[PDB]
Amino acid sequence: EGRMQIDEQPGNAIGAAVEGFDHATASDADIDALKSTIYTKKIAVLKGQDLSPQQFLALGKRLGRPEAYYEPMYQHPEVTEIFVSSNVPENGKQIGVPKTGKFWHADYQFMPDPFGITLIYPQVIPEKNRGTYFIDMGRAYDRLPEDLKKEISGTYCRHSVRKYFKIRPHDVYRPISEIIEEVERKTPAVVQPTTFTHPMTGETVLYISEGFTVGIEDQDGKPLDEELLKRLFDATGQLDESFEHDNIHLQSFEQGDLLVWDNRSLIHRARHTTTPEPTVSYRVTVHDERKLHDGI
């Protein structure tokens, strides 16, 4: 230590900038302070990062235990733990998967044991149409009308990858019903409390997303009409295709930036493909000292 400096946005404004961070030399106190910033400011942007794929993984390992993506076509060829979103061919070859995350979601929300921190290391940044949209679903919960808070009290939600599972090269010539069934076997829908208590901050988090949350059910386990989910999406800003909604944050980045964010509190999505500019990003996803919530 002696050089990492964290500049948190004032008050309730989301985000922080971190200058002079070196994952190879940061002290234990440095890491703890960076973690506190991630949990409270939700998005920390590390500046001046010039890392190999291996050094990026080592940075992630300072924050938690990396987990590799369960579908391997997403994995970096040299680092299994790096998830690659890319539509720029490397020597004419497809690396990772193109055009990922074009829907509101929290990462691994369709899995039974989601990780708490996401790291994104942009490699190729669109000049004009850059950035990722975010919603703080704890702040979004607090801003719901009281009666809507009451209506979801005690409910559970079902989360599934079934809408956005991407066809793989080895799926060609298979009947689609067989892939549909395989997805339900490998990644069955996961039931979670509709809201949970953030282990690091104590905030109530509304843990739903338009992309992965496929149903809501009552305290007795009986399915509820999906209009309730639609009203929740609407109220939290997830149905606003203009992205002007008050809850929505557009996070931009520049070369050398590295985004680290709270994957309990936030949902995110890619921008509309308004321009043909390409996107390449490397992702590391790490488990921290607590489960997503105490009920996991």
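We call the rigid core whatever largest set of C-alpha positions still superposes within 1.5 Å between the two forms. Start at 1 and count along the sequence shown; that's the residue number.
- The higher RMS C-alpha distance to the shown form in 6 other deposited structures of this protein, out of 37-45 and 267-275, belongs to 267-275, with every structure fitted on the core.
- Larger root-mean-square CA separation from the shown form, computed after a rigid core fit of the structures in 6 other deposited structures of this protein, is seen for 278-286 when 278-286 is set against 11-19.
- Stretches 9-17 and 282-290 differ in mean CA B factor, with 9-17 having the higher one.
- Stretches 151-159 and 218-226 differ in mean CA B factor, with 218-226 having the higher one.
- The maximum CA B-factor among the listed residues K93, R174, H76, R168, taken from the PDB record, is found at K93.
- Looking at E127, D136, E71, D107, the one whose CA carries the top B-factor in the deposited record is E127.
- Ranked against the other modelled residues of its chain, the C-alpha B-factor of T118 as given in the entry falls in the lowest third.
- In the PDB entry, a CA B factor belonging to the highest third of its chain's modelled residues is recorded for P53.
- Among the modelled residues of the chain, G256 sits in the highest third by CA temperature factor in this PDB entry.
- In the PDB entry, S27 places in the highest third of its chain by CA B-factor.
- In this PDB entry, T204 carries a Cα temperature factor that places it within the middle third of its chain's modelled residues.
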